[PDB]
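In the form deposited in one PDB entry, a lone chain appears below as structure tokens.
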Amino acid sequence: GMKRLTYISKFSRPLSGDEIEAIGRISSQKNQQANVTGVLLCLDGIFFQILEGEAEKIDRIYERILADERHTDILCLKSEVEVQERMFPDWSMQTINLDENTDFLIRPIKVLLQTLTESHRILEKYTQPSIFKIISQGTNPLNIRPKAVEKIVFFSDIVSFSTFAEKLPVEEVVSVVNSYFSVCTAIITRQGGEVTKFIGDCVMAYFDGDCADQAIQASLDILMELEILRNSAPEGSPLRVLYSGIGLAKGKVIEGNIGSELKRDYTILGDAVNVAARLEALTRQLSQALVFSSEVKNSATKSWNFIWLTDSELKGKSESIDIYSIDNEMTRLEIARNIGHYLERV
């Protein structure tokens, strides 16, 4: 059946009007051979494209388009599955270069398009990466039916964050937290997790319920990167005393259209506050940078060097759960007093 994608992208490099003409002419030739139709517009370094045709052919062309080095920041705004008729039946690929168009009525429209796209790019930064994935799969996020799914939940925090905020100017605190968040988000994403929110200095993320190995690997990689960061920072850098505690648990997450008219969310983990606070307490109490429950340990498939540490309570239920870590050089209140002294004289 027929599929129609709409996406926007950014010129990765300046492109002349003749290069854009060539892109359109090659696309028209290739699309004609594939029975694909659509339209390509450019304006001030932005591409807009609509492609329609057999789902199979569309997905293969779009993969090729994703790899084309001449644009970047590809965002699919809309994916329509089960499309009934073509919008552009006579256009294998029609190319409309708006930079070159001087028509009277199109001038205000170009301003509007530019403004909508730019506002769209701002909003893209402040939205959960996971809404865009639902869109790309062809569903309106506001119309998802609720579902409960087991996840591995990741929480990490900054040791003695309050000391940073007390001892450094706000711009330096923000530089520290942004380095932290950048390290965590990059590694979690590369291991297939999704960061769902920042709660103060705490990063909250999900992994699929059978992806314990990926969650553990991501945790170890974060610890290794922070060690590299502390060692390699300039003399006197506040980054030298950036440490993190990480906890992993298993939870039942609800996915759906959650919230109010004023604010929506895609997912809810009930009592997230309490699980995170209990895991931060464990990492301090055990002086262990990584702790996780037996449920996480039992969902793993690789032969990790597990070490049993203690019993604890993670959910408000009075169930006593075994807490494990990984026994390696990395993982092998203390840090808080060191933090303050160092930050005092930098």
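Note that residue numbering follows the sequence shown and begins at 1. Whichever C-alpha set is largest while still superposing within 1.5 Å between the two forms counts as the rigid core.
This next part talks about the form deposited in another entry, which is not shown.
Chemist: At a threshold of 2 angstroms on the CA positions, core aligned, which residue out of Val177, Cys76, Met204, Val183 shifts between this form and the one not shown?
Modeler: Among the listed residues, the one whose C-alpha moves by 2 Å or more is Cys76.
Chemist: Determine, after fitting the two forms on their core, whether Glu19 shows a C-alpha shift of 2 Å or more between this form and the one not shown.
Modeler: The answer is yes; the displacement is at least 2 Å.
Chemist: So that I can tell if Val195 moves, could you say whether its C-alpha shifts by at least 2 Å between this form and the one not shown after the core superposition?
Modeler: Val195: C-alpha displaced by less than 2 Å between this form and the one not shown.
Chemist: For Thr301, is the C-alpha shift between this form and the one not shown 2 Å or more after core superposition?
Modeler: After core superposition, the displacement of the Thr301 C-alpha between this form and the one not shown stays below 2 Å, so no.
Chemist: Say whether the C-alpha atoms of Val273 and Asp201 sit closer together or farther apart in that other deposited form than in the form shown here, given that their separation changes by 3 Å or more.
Modeler: Relative to this form, farther apart in that other deposited form.
Chemist: Might you say whether the CA atoms of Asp271 and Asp201 end up closer or farther apart in that other deposited form than in this form? Their distance differs by 3 Å or more.
Modeler: Their C-alpha distance grows by at least 3 Å in that other deposited form.
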